[PDB]
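Heads up: the structure comes next, in structure tokens.
What follows is calculated from the coordinates using simple rules that are stated; it is not laboratory data. Here Cβ is always computed from backbone atoms with ideal geometry, including for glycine, and neighbour counts include all displayed protein chains.
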């Protein structure tokens, strides 16, 4: 079990855990309660496994949207902070940590997309989406483009679609009220597609093409989150970050992710955990300790957010967050993503109309949400694989170690084209193996439990079979 009298905290490795440990020691000095801070591998999926068996950390830090499945799965303690304490965090951040009208976590930090522009190419960026066609003709005359952003993931195209009325589920979330083909969503997506029809954007621009274009000075604007600011400091491109453009006078509504701190329902230290988070972490000094270790971005605590907002990039993030739509914390969100990604791709590729793509998307999303359980997941690929080809055979490694928009991969005495394996990724139902130059080496599909079948980019058959042992 979880051990009484001590606090165990899990937080991801890309966070200021040493700063969090600092706050933990200040808490150990005033109370004698020891605070151990850990950053396990794949913590967001170890936690449900251990908490369901009465073990795990006392506190877990993760994005709010996963906590609704935890709370629906009764793996989280209900928190009841005083009204006086709730007033210190932005009111919308408490909405992100609400499930069935109960508070299930403490909001910590806040994240949302924002308009990123090149101040040299574009000193004063547009306030409206309507201005972007004219701005694009001006810039392409001079060999640049006005705007490029990932058109492949609904997360990036949703702020415009939802600007005039689109929404995932109505909000208590009603999984049978999907707002995907109302008038506002049709209008946003139609405007998006006509931008592509009128040759201001390319239907197949994805995350890397857009990021490369902006950092190489080829386009004046992009759309991304704080996670991408670091690669634009390598750029020496002088960029600003600002509010998203408005559509039909309505703000772009990006999805909002809220870093939150949940309490293990099996923890015998619930009250100790509430005191640490309320009285020690969620203070100007506590947040500063984590932030000096590793920046949080915008934060839910008003007082310290007023200090961080002196950075205009963080003020812009927070402003776009307060105008966006909180990412719904329900597992039925996976049906929203699947249906909407199909619809935006089909509408932008001309394979469907926005009225037909969105109509299908709302039918498929509503039906799948109402149903007990689509694409291939990087968890199902992570590991080491036997690789049969001809009479030849060998092994490849495909760790879930991020690398670009894919993952590191490695061949182990592999003949033929597999000797060039360097990265891997998943595309719906398809596993794709890549060069060190981004070229495609192979394409495979899950053909069963721990088994892949496909072919190289040059015709040779490939079969992947998992390595695994027994005690």
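Points to keep in mind about this one:
- For 470, 200, order by how many other beta-carbon atoms lie within 10 Å, fewest first: 470, 200
- Measuring spread by the Cα atoms of the stretch 19-115 yields a radius of gyration and Dmax of 14.9, 46 Å.
- Over all projection directions, the Cα-based convex hull of the chain averages an area of 24.5 nm².
- Each pair of Cα atoms in the stretch 318-471 enters the Kirkwood radius, and Stokes-Einstein at 10 °C and 1.306 mPa s then converts it into a translational diffusion coefficient of 89 µm²/s.
- Pairwise label distance in nanometres, residue 42 with residue 355, each label 7 Å out on the Cα-Cβ vector: 4.7
- Of the three principal axes defined by the Cα atoms of the stretch 153-249, the extents in descending order read 47, 34, 25 Å.
- Size check on the stretch 135-203: the Cα extents along the three principal axes, sorted descending, read 50, 19, 16 Å.
- Separation of the residue 1 and residue 87 label points, Cα + 7 Å toward Cβ, nm: 3.9
- Percent of beta bridges antiparallel (DSSP, the chain, rounded to nearest 5): 85
- Equivalent-ellipsoid semi-axes for the stretch 387-450 (Cα gyration tensor, √(5λ), whole Å, largest first): 18, 15, 11.
- Note on residue 278/residue 72: beta-carbon distance plugged into 1/(1 + (r/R0)^6) with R0 of 35 Å gives a FRET efficiency of 0.90.
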